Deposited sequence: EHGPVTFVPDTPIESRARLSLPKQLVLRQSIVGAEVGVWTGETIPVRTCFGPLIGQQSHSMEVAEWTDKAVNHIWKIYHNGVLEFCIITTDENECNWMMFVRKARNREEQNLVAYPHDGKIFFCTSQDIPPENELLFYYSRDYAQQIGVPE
């Protein structure tokens, strides 16, 4: 009898896009953790998600009008940044999330040692 060898399964786009210096593990529900030190002023982006002109919605304004929302729910429609959870307080927070040129970027507020969860808050 013949034995069958399957293809290597294909992971979702969100997962494949993950920077090698980061890992996915359960959040404080999947979250993004550091596999090594991430220096202050390290920037990630832009966010990729489903564009449409809950808890997973980014608002893009342009010249004072809400142009569209990015929704970050579907692993096939987003990059890895859909996995980054929102800090629950100002202590825990280590990424600032902000629009630039109509796209969302996350930037480290401080050096983040290995084995820390990435946790965002909005800029001012």
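Residues of the deposited sequence lacking C-alpha coordinates, numbered from 1, fall in the stretches 1-3, 32-34, 60-70, 142-151.
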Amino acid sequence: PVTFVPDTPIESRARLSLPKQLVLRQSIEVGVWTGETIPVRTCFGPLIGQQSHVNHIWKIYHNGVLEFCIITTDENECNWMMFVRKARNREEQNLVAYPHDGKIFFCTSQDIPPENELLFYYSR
From here on, numbers count along this sequence of modelled residues.
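Of the two stretches examined, 71-79 and 54-62, the record assigns the greater average C-alpha temperature factor to 54-62. The PDB entry gives the largest Cα B-factor of the residues 84, 48, 43, 87 to 43.
When the modelled residues of the chain are ordered by their C-alpha B factor, residue 103 lands in the lowest third. Annotation for residue 32: CA B-factor lies in the lowest third of the chain's modelled residues. Residue 93 sits in the middle third of its chain by CA B factor, as recorded in the PDB entry. The entry lists a Cα temperature factor for residue 12 that places it in the middle third of the chain's modelled residues. Among all modelled residues in its chain, residue 18 ranks in the lowest third by Cα B-factor.
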